[PDB]
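The chain below stands alone and is given in structure tokens; this is the form solved without the named molecule.
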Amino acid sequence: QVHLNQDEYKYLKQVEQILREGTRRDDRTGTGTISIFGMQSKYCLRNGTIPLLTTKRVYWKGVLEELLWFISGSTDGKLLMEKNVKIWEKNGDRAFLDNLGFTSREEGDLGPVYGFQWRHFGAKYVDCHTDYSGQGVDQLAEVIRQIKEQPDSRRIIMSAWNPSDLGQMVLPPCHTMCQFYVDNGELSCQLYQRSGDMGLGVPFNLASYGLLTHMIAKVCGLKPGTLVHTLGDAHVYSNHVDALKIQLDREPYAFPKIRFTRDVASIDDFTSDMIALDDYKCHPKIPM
């Protein structure tokens, strides 16, 4: 019946649903997945709560460093590698780039992905060492202005889905857009994730938009509300079902709370040292 962390329990029920009601496919590699097309869940962000899953740990440094890098507008994966965050290494390496025909592209130059679109949508991409200041639509700045000045708006949207630029990206954005919404002094967010693995990328992006919503709420002087996570192809790998069945039997801990330890001048004024995560309790590792 009742769980201390009902929001994570509902996530586990989604995973169970995929295993029971999804469809098995094998892609061109012989790689097996079980999928449901179309899912949606909600997470309370009140009182500092951030939905960092507890039944299978999430790579917090990766979430946090990637998000600051997105916000900065960077498209240079080497900047993450300098921080020992390797999540974009394979997608920016020589071999991956050359397979896409990007044979003159510097290693780690991801093309006009995520943060370039968020801060410079429509600008002419050159490389990941170019100053784009003042170029393109600063969607993130706009969202913040709308939230502060026009909180009733039904139009508060940010998207990295830029058809004109997809061909130069190492891959299309996975979290393709988000919409913000304000009511009774609280900031809510809905993201759309076109693809993801319930064992890895879904929890990772859940956490990243939880963090982003708390950051924007601080910038805008609002309280956090609800995070809505919408999925396209929600899937698990068929070879992981044993590991998943382990996860499913675990009782979630309460989510941790986020704390920002100094004032910020703007969304561009966060640094890793001042983002604190309190009381993250997590279950042990899950074998193969």
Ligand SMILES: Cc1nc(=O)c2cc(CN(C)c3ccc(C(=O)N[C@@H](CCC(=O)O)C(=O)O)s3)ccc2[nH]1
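Shifts are known only where both forms have a C-alpha. In this text, rigid core is short for the largest set of C-alphas that superpose within 1.5 Å between two forms. The first residue of the shown sequence is 1; numbering continues from there.
What follows is about the form solved in complex with the named molecule, which we do not show.
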| item | value |
| --- | --- |
| Partner proximity in the bound PDB entry: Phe204 to the named molecule, non-hydrogen atom cutoff 4.5 Å | yes |
| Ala141: touches the named molecule in the bound PDB entry, heavy atom cutoff 4.5 angstroms | no |
| Partner contact for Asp98 in the bound PDB entry: the named molecule, 4.5 angstroms, heavy atom | no |
| In the bound PDB entry, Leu200 touching the named molecule (heavy atom, 4.5 Å) | yes |
| Contact segment among 192-200, 73-81, 214-222, 101-109, judged by heavy atoms lying within 4.5 Å of the named molecule in the bound PDB entry | 192-200 |
| The unique member of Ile87, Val137, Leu166, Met177 whose heavy atoms fall within 4.5 Å of the named molecule in the bound PDB entry | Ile87 |
| Only residue that shifts (Cα, 2 Å or more, rigid core superposed) between the shown form and the other one, among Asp27, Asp263, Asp249, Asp242 | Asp27 |
| Rigid-core superposition between the shown form and the other one, with residue runs of at least 3 whose C-alphas all shift by 2 Å or more | 27-30 |
